[PDB]
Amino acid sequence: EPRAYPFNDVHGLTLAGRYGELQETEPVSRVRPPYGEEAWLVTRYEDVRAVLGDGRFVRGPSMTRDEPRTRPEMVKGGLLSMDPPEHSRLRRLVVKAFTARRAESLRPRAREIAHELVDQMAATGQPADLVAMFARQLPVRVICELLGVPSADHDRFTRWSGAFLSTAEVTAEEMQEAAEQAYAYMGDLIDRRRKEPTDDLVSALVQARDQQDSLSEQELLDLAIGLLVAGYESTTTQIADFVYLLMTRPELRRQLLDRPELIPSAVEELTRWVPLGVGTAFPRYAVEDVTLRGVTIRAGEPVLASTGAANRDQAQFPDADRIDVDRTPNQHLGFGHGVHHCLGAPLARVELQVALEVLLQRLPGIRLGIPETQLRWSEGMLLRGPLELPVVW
């Protein structure tokens, strides 16, 4: 009587029709995931936003619960597993340093890196793999600039970082060695910056103060690695998926070639429209019984608040399945909502705007080098995206 979940097919970006059916007839429903507990699934925009914003729905139990999910292992810890006040304290120190102004200051380096990537693509000739050569490269390098990794170390840091992608074909010991190298490198950079500060994010994190509070050595280290993992695969997949949409919907490419100033707006519309997750991750837990759409969620039960479905809710977004690059208003939940709202969103927006700007300007004719129906799609079971995007231009 729960439904098998996830509903989305991983081989594409289609939103399962089941979501809209539940938005209509069962907006709070039971689901059985592949691993972990059965959970409530919430699908209307209004309810999803309400759950993400509501004090009674917490993430701390994540640490001691068998979370509904699609893969056997649980990746636990980080900001997303904490609740106020502990969460509030760390996030306060991190945003003091990782400001939206800092994000914007990286646009020029981000463009430069994007151009370098496109150079390497042109150097090997059509078709090139846009995933391997651009999408998997740009977001990890930008994180290198953000943190303050010296230029000479970008290549190895990028190499270690790919072991963390859910699509990586590496043994656990291999991923483990990549992780210990990343941690040792990051701990050493943090110690350099303490004694000799620069303008980078690591320096600013080392010096963040909040009425006399500061980040501990371990906090600095976990937060820096945490930003890497939170900021890499997500942005990489979303770059791939936006370019895939650009290449397969000519009207979308034509609109942005004609009016490149629409790119920020298109980034928001695509973030709304693409149901990037396979399912919804990061169940919330009820701290007390809460009634939602006349169903009582009992204290202790997990709730999956689907932003994928929320973002395509006809009640909130006129003609919600239409991609409209000028869509206004566009109060989408693609970067989440409430205290855990994506802290790298300003940087994610910069990156996605730059990726589109630079590819469109360098390769206005970029298109698939194979037919659509032959694309291989990631089965990592966390995010949806193509494994390879061979492109011609």
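All residue numbers refer to positions in the sequence shown, first residue = 1. Throughout, rigid core stands for the largest set of C-alpha atoms superposing within 1.5 Å between the two forms.
Chemist: Fitting on the rigid core only, I'd like to know which of the two stretches, 139-147 or 277-285, ends up farther away in Cα terms in 5 other deposited structures of this protein.
Modeler: Between the two stretches, 277-285 moves farther in 5 other deposited structures of this protein.
Chemist: Would 215-223 or 275-283 have the larger average of its C-alpha temperature factors, as given in the entry?
Modeler: It is 215-223.
Chemist: Tell me which stretch has the larger mean Cα B-factor in this entry, 350-358 or 45-53.
Modeler: So the stretch with the higher mean C-alpha B-factor is 350-358.
Chemist: Name the residue from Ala309, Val170, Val303, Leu147 with the greatest C-alpha temperature factor listed in the entry.
Modeler: Checking the PDB record, the top C-alpha B-factor among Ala309, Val170, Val303, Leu147 is at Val170.
Chemist: Per the entry, which of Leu80, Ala179, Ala135, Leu270 tops the list for Cα B factor?
Modeler: Spelled out: the listed residue with the top C-alpha B-factor is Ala179.
Chemist: For the chain shown, is the CA B-factor of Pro34 in the lowest, middle or highest third of its modelled residues?
Modeler: Middle third of the chain for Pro34's C-alpha B-factor.
Chemist: Lowest, middle or highest third of the chain for the C-alpha temperature factor of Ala320?
Modeler: Lowest third of the chain for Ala320's C-alpha B-factor.
Chemist: Splitting the chain's C-alpha B-factors into thirds, which one does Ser378 fall into?
Modeler: CA B-factor rank for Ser378: middle third.
Chemist: Report the third (lowest, middle or highest) to which the CA temperature factor of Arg367 belongs, ranking only the modelled residues of the same chain.
Modeler: Answer is highest: the recorded C-alpha B-factor places it there.
Chemist: Ordered by C-alpha B-factor within the chain, which third holds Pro85? Give me lowest, middle or highest, please.
Modeler: Answer is lowest: the recorded C-alpha B-factor places it there.
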